Amino acid sequence: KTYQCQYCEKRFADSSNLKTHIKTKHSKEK
Ligand SMILES: [Zn+2]
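Residues numbered from 1 in each chain as written, not as in the entry; some residues may be left out. Heavy atoms only, no water.

Method of determination, as annotated in the archive: solution NMR.

It is worth spelling out the coordination of the zinc ion at this point. Protein-derived ligands of the zinc ion are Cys 5 (SG), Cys 8 (SG), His 21 (NE2) and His 26 (NE2), with the metal-ligand distances lying across 2.0 to 2.3 Å. One way to put it: the 4 donor atoms around the zinc ion meet at angles of 102 to 113 degrees, and that makes the site tetrahedral. For the zinc ion, the single-chain donor residues occur in sequence as C-x2-C-x12-H-x4-H. Of the two residues, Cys 5 sits in the loop between β1 (3-4) and β2 (11-12) while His 26 sits in the segment after α1 (17-25), which places them 21 residues apart along the sequence. Judged by relative accessible area, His 26 falls into the partly exposed class, the value being 23%. (Donors = N, O, S within 2.8 Å, 3.2 Å for Na, K, Ca; no water. Tetrahedral: all angles 85-135°; square planar, octahedral: opposite > 155°, others 65-115°. Helix = DSSP H or I, 4+ residues; strand = E, 2+ residues; numbered from the N terminus. Buried < 20%, exposed > 50% of the residue type's maximum accessible area, 1.4 Å probe, protein only.)

Let's shift gears to unusual backbone geometry. Of note, the phi angle at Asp 14 is positive, near 120 degrees, even though the residue is not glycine. Relative to the elements of secondary structure, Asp 14 occurs in the loop between β2 and α1. A positive phi angle is found at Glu 29, which is not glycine, with a value near 40 degrees. Positionally, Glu 29 belongs in the segment after α1.

What follows covers the side chain of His 21. For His 21, the location among the structural elements is in helix α1. Here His 21 falls in the buried class, since its relative accessible area comes to 4%. Here the side chain of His 21 touches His 26 through a polar contact of 3.1 Å, side chain to side chain. Excluding residues that lie within four positions of it along the chain, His 21 makes contacts with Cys 5, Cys 8, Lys 10, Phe 12 and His 26. (Polar contact = N/O pair within 3.5 Å; in protein donor to acceptor, adjacent residues only side chain to side chain. Contact = heavy atoms within 4.5 Å.)

As structure tokens, then:
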């Protein structure tokens with residue numbers, strides 16, 4: 001129905017939001 005992350009516990013509304021999320025919060029801890 002919805003998509004979620006596997007690194008942290010955040011949710012997204014499409015697999016587009018998620019696609020960016022990762023290099024926002026999981027950008028090599030920087
Ligand atoms: Zn995450």
